[PDB]
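# Secondary and tertiary structure notes
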Amino acid sequence: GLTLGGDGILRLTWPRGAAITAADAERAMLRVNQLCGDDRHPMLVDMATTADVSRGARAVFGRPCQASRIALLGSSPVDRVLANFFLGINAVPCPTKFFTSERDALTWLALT
Amino acid sequence: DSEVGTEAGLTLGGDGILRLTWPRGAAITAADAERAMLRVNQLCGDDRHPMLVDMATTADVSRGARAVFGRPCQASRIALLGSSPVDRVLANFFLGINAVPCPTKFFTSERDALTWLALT
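Residues numbered from 1 in each chain as written, not as in the entry; some residues may be left out. Chains lettered and ligands numbered in written order. Heavy atoms only, no water. Residues with missing side-chain atoms left out of burial classes, pairs and counts.

The record lists the entry's title as "Crystal structure of a protein with unknown function (arth_0117) from arthrobacter sp. fb24 at 2.20 A resolution".

### Some remarks on the overall build of chain A
Looking only at helices and strands, one finds four helices and five strands in chain A. Computed over the C-alpha atoms, the radius of gyration of chain A is 18 Å, more than 25% above the 13 Å expected from 2.2 N^0.38 for a compact globule of 112 residues. Taken along the three principal axes of its C-alpha coordinates, chain A extends 50 × 35 × 25 Å. Contacts in chain A between residues far apart in sequence, at least 24 positions, make up 69% of those at least 6 positions apart. (Helix = DSSP H or I, 4+ residues; strand = E, 2+ residues; numbered from the N terminus. Rg over C-alpha atoms; globule rule 2.2 N^0.38 Å. Contact = heavy atoms within 4.5 Å.)

### Here we look at the sheet that holds strand β5 (residues 96–99) of chain A
Ordered by their spatial adjacency, five strands build an open sheet running β5(A)-β4(A)-β3(B)-β2(B)-β1(B), and the pairing between neighbours is mixed. The sheet terminates laterally at β5 of chain A together with β1 (10–12) of chain B, the two strands that pair on one side only. Each strand of the sheet is rotated relative to its neighbour by a mean of 20°, with strand direction disregarded. Pairing between strand β2 (residues 18–21) of chain B and strand β3 (residues 49–54) of chain B: four bridges, direction parallel. Bridging across to β3 of chain B, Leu 20 of chain B finds its partner in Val 53 of chain B. (Pairing = 2+ DSSP bridges. Axes fitted to C-alpha atoms, helices over the stretch in contact; angles between N-to-C directions.)

### Some remarks on the environment of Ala 83 of chain A
With respect to the secondary-structure elements, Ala 83 of chain A resides in helix α3 (residues 80–89). Given a relative accessible area of 3%, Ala 83 of chain A falls into the buried group. Sequence separation of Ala 83 of chain A and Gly 62 of chain A is 21 residues, and the distance between their C-alpha atoms is 20 Å. With near-sequence residues (within four places) excluded, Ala 83 of chain A lies in contact with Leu 72 and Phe 98 of chain A together with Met 55 of chain B. (Buried < 20%, exposed > 50% of the residue type's maximum accessible area, 1.4 Å probe, protein only.)

### Concerning the packing of aromatic side chains
According to the stated counting rule, one finds seven aromatic pairs over all chains in the structure shown. The interplanar angle of 55° and the centroid separation of 5.0 Å between the aromatic rings of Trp 14 of chain A and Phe 94 of chain B together place this pair among those described as tilted. Here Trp 14 of chain A is found in the loop between β2 (10–13) and α1 (22–36), whereas its partner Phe 94 of chain B is found in helix α3 (residues 88–98) on a different chain. Both residues of the pair, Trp 14 of chain A and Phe 94 of chain B, belong to the buried class. Following the ring pairs from residue to residue traces out a cluster consisting of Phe 85 and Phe 86 of chain A together with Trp 22 and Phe 69 of chain B. When the ring centre of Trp 108 of chain A is taken as reference, the NZ or CZ atom of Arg 69 of chain A above it lies at 4.0 Å. (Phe/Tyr/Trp six-rings, centres within 6.5 Å; stacked < 30°, edge-to-face > 60°. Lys NZ or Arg CZ within 6 Å of the ring centre and 35° of its normal.)

### Thoughts on the domain arrangement of chain A
Residues and elements named next belong to chain A. Each assigned domain of chain A is listed here: domain 1 (1–64) and domain 2 (65–112). The straight-line distance from the C-alpha centre of domain 1 to that of domain 2 is 26 Å. Classifying every residue of the side of domain 1 that touches domain 2 by side-chain character gives three nonpolar, no polar and one charged. (Domains from an automatic or database assignment. Nonpolar A, V, L, I, M, F, W, Y, C, P; charged D, E, K, R; others polar.)

### Considerations on the domain arrangement of chain B
One widely used convention gives an interface's size as the accessible area the parts lose upon coming together. Taken as a whole, chain B is organised into domain 1 (1–72) and domain 2 (73–120). Each of domain 1 of chain B and domain 2 of chain B has a C-alpha centre, and the two are 28 Å apart.

### Here's the deal with the nonpolar core
Formed by 56 residues in total, the largest nonpolar core has its most connected members in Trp 14, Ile 70 and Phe 86 of chain A together with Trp 22 of chain B. If we skip the residues at most four places from it in the chain, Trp 14 of chain A touches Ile 20, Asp 24, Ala 25, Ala 28, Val 45, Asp 46 and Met 47 of chain A together with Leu 90, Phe 93 and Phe 94 of chain B. (Core = buried A, V, L, I, M, F, W, Y, C linked by side-chain atoms within 4.5 Å.)

### Remarks on the interface of chain A and chain B
With 66 residues of chain A in contact, the opposing surface of chain B contributes 63 residues. Broken down by class, the residue content of the side of chain A that touches chain B amounts to 41 nonpolar, 15 polar and 10 charged. In this sheet, strand β4 (residues 75–81) of chain B lies alongside strand β3 (residues 41–46) of chain A in parallel orientation, the contact comprising six bridges. Bridge pairing in β4 of chain B links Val 45 of chain A to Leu 80 of chain B.

### Observations concerning the state of the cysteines
If you walk through the whole model with that rule in mind, you get zero disulfides over all chains. The structure places no disulfide on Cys 65 of chain A, whose sulfur is separated from the nearest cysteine sulfur, that of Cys 94 of chain A, by 4.5 Å. For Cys 65 of chain A, a relative accessible area of 4% translates into the label buried. Not part of a disulfide, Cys 102 of chain B finds its nearest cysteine sulfur in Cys 73 of chain B, a span of 4.5 Å. Look at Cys 102 of chain B and you get buried, because its relative accessible area is 10%. (Disulfide = S-S within 2.5 Å.)

What follows is the structure, given as structure tokens:
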């Protein structure tokens, strides 16, 4: 379910159904890159091709989180990718913020 | 559990704040991230607390970030199209895994998605 249109837009059908894995999502981008080669294109990721997607979207959201808010502390801006990985894998529902100051982080966690 | 297990770089403080050491090093896996949250939930039980995720315990964390997430992305911008607002969790999953530098946005309208994608 990957095409490059004559309009210049890549359309990726992801996920295919109610199964959602990290290896799948990474493989998808691999194929996008293989199809593009050296050129770059906007991309539509169509996650609405089947009602089974939203069955998976509800299950991914149903997974629990006992944190009331989450401060994520790194040592450089690149650690933002690690925060997003964590929040994305875990479908974190609560307030979240990125810091590079532990004192800023801890103070923000006290704002409850 | 009444049984003593593994520290898991996890503590609930007397200040009522959870502190998670994640990632522990330069290795980054989805399973580890999930396991880390499982341990947070098991420790908390019925109660809820603010959490600090300390991703700055070692210089090897950022080095892993760059090593696993610096991969090329041939997409110039990404519109992720769902059916309902809850489908955003899938968008966040995809983008969390793939760590793209380009503009990304969530839609439930295909027309809106395409219009936005064409601001190229």
